[PDB]
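Residue numbers (the deposited numbering), protein chains in the order written: chain B, 48 to 338; chain C, 19 to 44, 50 to 338; chain B', 48 to 338; chain C', 19 to 44, 50 to 338; chain C'', 171 to 255. A prime marks a further copy of an entry chain. We put the beta carbon where it would ideally sit given N, CA and C, even for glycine. Everything below concerns the one structure shown next.
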Ligand SMILES: [Ca+2]
Ligand SMILES: [Ca+2]
Ligand SMILES: [Ca+2]
Ligand SMILES: [Ca+2]
């Protein structure tokens, strides 16, 4: 028999109007084990292999808030991985596997598994449709806007066929003025609508809920302070440096996955930001820098 | 069969539990462990050390009564293990309490929201609603921790971690109970139930002679001051022996109060006191026993005994 | 068959930190019928006899507060009557008969009785251990500090062997400067840590929850007013007098047994208090003094 | 069998009860008695007299309908007696309501917390939670109270006391219901259902001719004023006959309102009025019927009849 | 510690020798028990507290019975204990 793995997926933040996978597109919750959002602990095993096959899948929304904040969390599975995110509130019952209850009460949803071996995404494939097992979509619509409602767990029995040299679990992203985040050599901790640069400032929203390690490489002309807040606190040893036209810093912070209308990591005060290069690693608290 | 099943849930109001003892024979044994103090940001074992709850019968936090019977034996098992968080609050206060068991006894604690859910064996419901966690047992015999070993991983059975976040700040939310059937194999004469802990400048606590009342992230020394954060909740008996150059005063902080006849004395380079205090184990950001006002503190040596309110000295 | 007697024992006041029998030592709840705390109505029958034997014993914590104040009331029986009060929170499960639930919910605890005749305490015995049936200990530890949580009832079937001329149910206590309450010729309405005198003032805390009658005899040099508040209200006819160096007053008040950080009966404004002599009787409301 | 039994209690939210009548025959009989007004300090029968609820069928407080049928008989029993406090409030308001039955009918009331619990037969739960008290019956036949006796201890079956404290101040907390199977032995012609009460200066009410609408701690006279605290909650018909020297006015206070055509007159040393008021029985610290402004009041004589809103005089 | 420890203990052992064979390891005494215990405490404080005044003897507090009152002597200038356990 296999081994179950309970894994944290989201911290569900409620909404008033209508909202999909909360701040993000219909790209986040792909059913591949090469996805840090749905698989925070199996992505390290998924870097060693190229074929997977799912056996048991349950979603387990567990509430956290007091029973005073009305809401409706829905959990939806697609067989596609390229269908668009749902548009209305009432385009929810038209899916195949769906559980939609109130915010304050726990749920469950079982997903029937196939028997086909599928590729583990270390790419840059064009068709995600034939690779993934499907999407997971999470919808909130009543109210109780800025409140951590609950959190969604996920249980798996994943087996892997033929191995591989390890896919490098360190991102590498580049921003230009007017550009977006563009990943390089994987994985997908950051999605492209997660950052912004100006002529003087810089910011990153991080919602995967881990403890990470940055290496800022920012091309500016003056120095700038680096503040960490909103979703994440410093494991406070953030040592930066200046020199030539580069700006180099290294940060250890612990995000919490919750949305906020403040960037998690923010760089301000400088002038003429042109490029920002990143590396994120998912480290632990012992990887700080002694003053 | 209509493909959508509407199920109704009636969330009533405050759920509580009522606990009676019988007790009968000359063995399940429920005990309190903590009172869960909710916090806003993120917190482990609620301000206590990163190593505190630790499955030996020679551990004062989990077994304040069995630790005396554990001194007369060497081997132990643990048969039945349940953790039975009981709420004390209505459905009005938000928050989350999680109960975690490690198979290690030397890991650290989260230090994230990521690590709370999938540890291996964890129950993470809300504050106002009851939990129940069971731990599967083994059949191995392990040493009772005497004459303290270093790698206490092959000795203990594991940790308990008790993580809360996103409260409901510092309120009596609930309390955690613990059940055991402990059996003991071949006996000792006894074990010395008096700690001996030593601090140097820049160092931490290093315990000798056992048991584990104080743990190394509980004390701090400076060139002129000294402090202990006793978080075990008993009534104790100290003997401060502090290598100073001047005299000083000893006050009793927030976690504890005197039985107010603490007699101390100065003399040679040593400074010797003897205090009887009663601690509560709740957090407070004051040292529970504080010695300040002196100069050139280098060593502090301790003896702690768990004595009642008649072992105080008399003016 | 016998006759049951439901009797009020405490008004349980919650606590934040850790607290035994709330303001008092491990002397209060001795299992003798010569104890006004555990036996407010059988102490009048216990003054006539010298041997007792208990038959049925139940404790019946009945709550009073709304279910918003978290707490933990514990009720503990000892077979000793000279063991010390428990030290920690977690030295509760190590007793023999114990029920510990939340503040807002009722409990029950039955105590198995013996068959030995034991002496009724009209003394000044050294060993209470062989006389009493045991202790009762009451512990509160979460929070909800200054709140009347509930009250503990107690049921008995007590039979008495050979009679006696009546033990005088009027206390007599003396305080000196720097001294404490020292009782004389019984009973035990007041315990020694229940009073304080200064060079100018005087106070008594009364937590047995009855209606009483004082005779203050205070040796001062000037007069002083007598205020009653905190736990008890005047049945308001308090007539005092002055004269020579004595100060004599007579008060009828009704305590409620609840703790408060104000003395129940307080005497202030005078100068050179040296001795205070008392007599307490447990009277009724008709024993006042007409103006 | 593990010596510690964890039992879970789910305290839901507001519990209520729903009461319907059927009624069928040409006999259990539920009635309201009070609406429990919680108080902060300590209070008996909620501001009413120390003697009010009193087990005769000739008592308007407990039997506003049977008192007319009780006039046609002499003996009575009481077979079934339940008291069934129904809450009207959520689990948010603290407090305590106790329900007490005495075998005496002439004792006083507490006047402490000591006397509430162990009276003989008492239920003392919280405000938000339901109670139920049953009273065991006898087989004796007792006189219906006519042509008022003095020692009404051998006549009545007992008292009801209804003590609240530590509220939740003056809020509609709950209400108290009362069930009876009353049977009557040999009949009278009738009984005169009109009180006659007389007050002198310094004295109290002394009732004649029955029944017990007003009770002696309900009225006060001065040299110049007069007041009644009617706490029975009906619609009545007064005839004030006050021995004065001057005229005066009559107002209707807080417990009651006019049917506003109260016609009075002066004349000789008497002063004669005739009022129709409708009282509610709730406390208020104003006299419900007040006569003030006169001089040298010596006697006040009364007649009260329980008349409906058509027995008012006309301007 | 109670005072009248007669209703508490089960008795004494006395172990009298005479007319020796002076201070020689002669023999040794063994003791057998089946002890059973009824209802439990938290613990008992296993640390003595004994106090001597001038002219007085040992008066023990807080238990157990390591030292007993004919074991110590004080003077104006000296002090001694005969620990025999
Ligand atoms: Ca590959
Ligand atoms: Ca580990
Ligand atoms: Ca006697
Ligand atoms: Ca009576």
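Checklist entry - Regarding residue 125(C') and ligand 6, is the C-beta to nearest heavy atom distance less than 7 Å? => result Only ligand 1, ligand 2, ligand 3 and ligand 4 can be found as ligands here, which leaves ligand 6 out of the picture.
Item to check | residue 272(C) versus 285(C), 156(C) and 279(C), residue with shortest Cα-Cα distance | outcome: Taking the first residue of the second chain as position 1, residue 272(C) is located at position 249. 285(C) is the residue among 285(C), 156(C) and 279(C) whose C-alpha sits nearest the C-alpha of residue 272(C).
Next on the checklist: Taking only three categories from DSSP, how would you classify residue 261(C')?
Outcome noted: Numbered from its first residue, the fourth chain carries residue 261(C') at position 238. The answer is coil: DSSP assigns residue 261(C') none of H, G, I, E or B.
Next on the checklist: Assess contact between the region 57–71 of chain B' and the region 164–178 of chain B', defined as three or more Cβ pairs (one per stretch) separated by less than 8 Å. Is contact present?
Outcome noted: Contact between the region 57–71 of chain B' and the region 164–178 of chain B' is absent, because fewer than three Cβ pairs lie under 8 Å.
Item to check | residue 249(B') versus residue 261(B'): straight-line alpha-carbon distance, rounded | outcome: Stepping through the third chain from its first residue, residue 249(B') is reached at position 202. Stepping through the third chain from its first residue, residue 261(B') is reached at position 214. Rounded to whole angstroms, the gap between the alpha carbons of residue 249(B') and residue 261(B') is 14 Å.
Checklist entry - Using a beta-carbon distance below 8 Å, is residue 177(B') in contact with chain C''? => result Locating residue 177(B') in the third chain gives position 130, counting from the first residue. Yes, residue 177(B') counts as interfacial toward chain C''.
Checklist entry - Going by C-alpha distance, which of 86(C), 59(C), 135(C) and 91(C) is nearest residue 211(C)? => result Numbered from its first residue, the second chain carries residue 211(C) at position 188. Scanning 86(C), 59(C), 135(C) and 91(C) for the CA closest to the CA of residue 211(C) turns up 91(C).
Checklist entry - Applying the criterion that 16 or more other CB atoms from any shown protein chain within 10 Å of the CB defines a buried residue, is residue 234(B') buried or exposed? => result By one-based count along the third chain, residue 234(B') stands at place 187. Buried: at least 16 other Cβ atoms inside 10 Å.
Item to check | Neighbourhood of residue 194(B) by C-beta, 8 Å cutoff - its chain only, sequence neighbours within 5 removed | outcome: Along the first chain, one-based indexing puts residue 194(B) at 147. Same-chain partners within the cutoff: 60, 61, 112 and 116.
Item to check | Limits of the unbroken beta strand (DSSP E) element including residue 242(C'') | outcome: Here residue 242(C'') refers to the residue found at position 72 of the fifth chain. Unbroken beta strand (DSSP E) run through residue 242(C''): 242–244.
Checklist entry - Between residue 103(B) and the rest of its own chain, which residues show a CB-CB distance below 6 Å, the 5 nearest in sequence each way excluded? => result On the first chain, position 56 is the one that residue 103(B) refers to. Its chain contains 204 as the residues whose beta carbon lies nearer than 6 Å to that of residue 103(B), once the 5 sequence neighbours on both sides are disregarded; these appear in chain order.
Item to check | Any non-hydrogen atom of ligand 4 closer than 7 Å to residue 130(C') Cβ | outcome: Position 107 of the fourth chain, counted from the first residue, corresponds to residue 130(C'). Distances between the C-beta of residue 130(C') and the heavy atoms of ligand 4 include at least one below 7 Å.
Checklist entry - Who are the neighbours of residue 34(C) on chain C', taking C-beta pairs under 7 Å? => result The residue labelled residue 34(C) in the question sits at position 16 within the second chain. For residue 34(C), the chain C' residues whose C-beta falls within less than 7 Å of its own C-beta are 27 and 29, listed in chain order.
Item to check | Close-in-space but distant-in-sequence residues of the same chain around residue 227(C) (CB under 8 Å, 5 per side omitted) | outcome: On the second chain, position 204 is the one that residue 227(C) refers to. Excluding its 5 nearest sequence neighbours in each direction, residue 227(C) has C-beta neighbours in its own chain below 8 Å: 239, 240 and 242, listed in chain order.
Item to check | Exposure of residue 199(C''), with buried meaning 16 or more beta-carbon neighbours within 10 Å | outcome: Position 29 of the fifth chain, counted from the first residue, corresponds to residue 199(C''). With fewer than 16 other Cβ atoms within 10 Å, it is exposed.
Checklist entry - Would you say residue 118(C') and residue 149(C') are within 8 Å of each other, going by their C-beta atoms? => result The residue labelled residue 118(C') in the question sits at position 95 within the fourth chain. The residue labelled residue 149(C') in the question sits at position 126 within the fourth chain. Taking 8 Å as the Cβ cut-off, residue 118(C') and residue 149(C') qualify as a contacting pair.
Item to check | Beta-ladder partner(s) of residue 149(C'), from DSSP | outcome: Stepping through the fourth chain from its first residue, residue 149(C') is reached at position 126. Bridge partners of residue 149(C'): 119(C').
Checklist entry - Enumerated in chain order, which unbroken segments of the beta strand (DSSP E) with a length of 3 residues or greater are wholly contained in the region 176–218 of chain C? => result Correct list: 186–188 and 195–202.
Checklist entry - Just reading off the alpha helix (DSSP H) that residue 338(B) is part of, what are its end residues? => result In the first chain, the residue the question calls residue 338(B) occupies position 291. In the DSSP assignment, residue 338(B) falls outside any alpha helix (DSSP H) and carries neither an H nor an E.
Next on the checklist: Considering Cα atoms alone, identify which of 217(C'), 25(C') and 276(C') is closest to residue 324(C').
Outcome noted: By one-based count along the fourth chain, residue 324(C') stands at place 301. Of all alpha-carbon atoms in 217(C'), 25(C') and 276(C'), the one lying nearest the alpha-carbon of residue 324(C') is that of 217(C').
Next on the checklist: Whole angstroms are fine: how far does the CA of residue 259(C) sit from the CA of residue 328(C)?
Outcome noted: Residue 328(C) sits at position 305 when you count from the first residue of the second chain. Residue 259(C) sits at position 236 when you count from the first residue of the second chain. Rounded to the nearest whole angstrom, the C-alpha separation of residue 328(C) and residue 259(C) is 6 Å.
Item to check | Backbone secondary structure at residue 128(C) - three-state DSSP | outcome: Position 105 of the second chain, counted from the start, is the residue given in the question as residue 128(C). In this structure, residue 128(C) counts as coil in the three-state DSSP scheme.
Next on the checklist: Closer than 7 Å to a non-hydrogen atom of ligand 1 - does that hold for the CB of residue 97(B)?
Outcome noted: Within the first chain, residue 97(B) is the residue found at index 50, counting from 1. Indeed, a heavy atom of ligand 1 lies less than 7 Å from the Cβ.
Next on the checklist: Which runs of the beta strand (DSSP E) at least 3 residues long sit entirely within the region 271–336 of chain C'? Give them in chain order.
Outcome noted: Entirely contained in the region 271–336 of chain C', the beta strand (DSSP E) runs reaching 3 residues are, in chain order, 272–275, 279–281, 286–288, 293–297, 300–302 and 312–315.
Next on the checklist: Under 8 Å, CB to CB, which of the residues in the region 296–328 of chain C' have a partner in chain B'?
Outcome noted: Those would be none; no residue qualifies.
Checklist entry - How close, in whole Å, do the beta carbons of residue 156(B') and residue 122(B') come, if the pair is a contact with beta carbons under 8 Å? => result Taking the third chain and counting its residues from 1, one reaches residue 156(B') at position 109. Taking the third chain and counting its residues from 1, one reaches residue 122(B') at position 75. With 8 Å as the limit, residue 156(B') and residue 122(B') qualify as a contact, their Cβ atoms being about 5 Å apart.
Checklist entry - For residue 88(C), which residues in chain C'' fall below 9 Å Cβ to Cβ? => result Against the second chain, residue 88(C) aligns to sequence position 65. Correct list: 210, 211, 212 and 213.
Checklist entry - Is any heavy atom in ligand 3 found nearer than 7 Å to the beta carbon of residue 174(B')? => result Taking the third chain and counting its residues from 1, one reaches residue 174(B') at position 127. For ligand 3, no non-hydrogen atom lies closer than 7 Å to the CB of residue 174(B').
Item to check | Every unbroken beta strand (DSSP E) inside the region 72–121 of chain B [3 residues or more] | outcome: With a minimum length of 3 residues, the unbroken runs of beta strand (DSSP E) contained wholly in the region 72–121 of chain B fall at 96–110.
Checklist entry - Beta-carbon of residue 21(C') versus every beta-carbon of chain C: anything under 8 Å? => result If you number the fourth chain from 1, residue 21(C') lands on position 3. With respect to chain C, the C-beta atom of residue 21(C') has a partner C-beta closer than 8 Å.
Item to check | Which listed residue (252(B'), 174(B') and 209(B')) has its alpha carbon closest to that of residue 275(B') | outcome: The residue labelled residue 275(B') in the question sits at position 228 within the third chain. The residue with the shortest Cα to Cα distance from residue 275(B') is 252(B').
Next on the checklist: Let's test the definition: count the other Cβ atoms within 10 Å of the Cβ of residue 71(B) and tell me whether it reaches 16, buried, or not, exposed.
Outcome noted: As a first step, residue 71(B) is located in the first chain; it is residue number 24 there, counting from the start. Buried, by the Cβ-count rule.
Checklist entry - Is the region 301–320 of chain B' in contact with the region 315–323 of chain B, if contact means three or more CB pairs nearer than 8 Å? => result Counting Cβ pairs under 8 Å, fewer than three are found: no touch.
Checklist entry - Looking at the unbroken alpha helix (DSSP H) that takes in residue 54(C), where does it start and where does it end? => result Numbered from its first residue, the second chain carries residue 54(C) at position 31. Counting along the chain, residue 54(C) falls outside any alpha helix (DSSP H), though it belongs to the beta strand (DSSP E) covering 54–60.
Item to check | Interface positions of the region 60–88 of chain C facing chain C' (Cβ-Cβ less than 9 Å), listed along the chain | outcome: Residues: none.
Item to check | First through last residue of the alpha helix (DSSP H) which encompasses residue 389(C') | outcome: Chain C' is shown from 19 up to 338; residue 389(C') falls before or after that span and cannot be answered.
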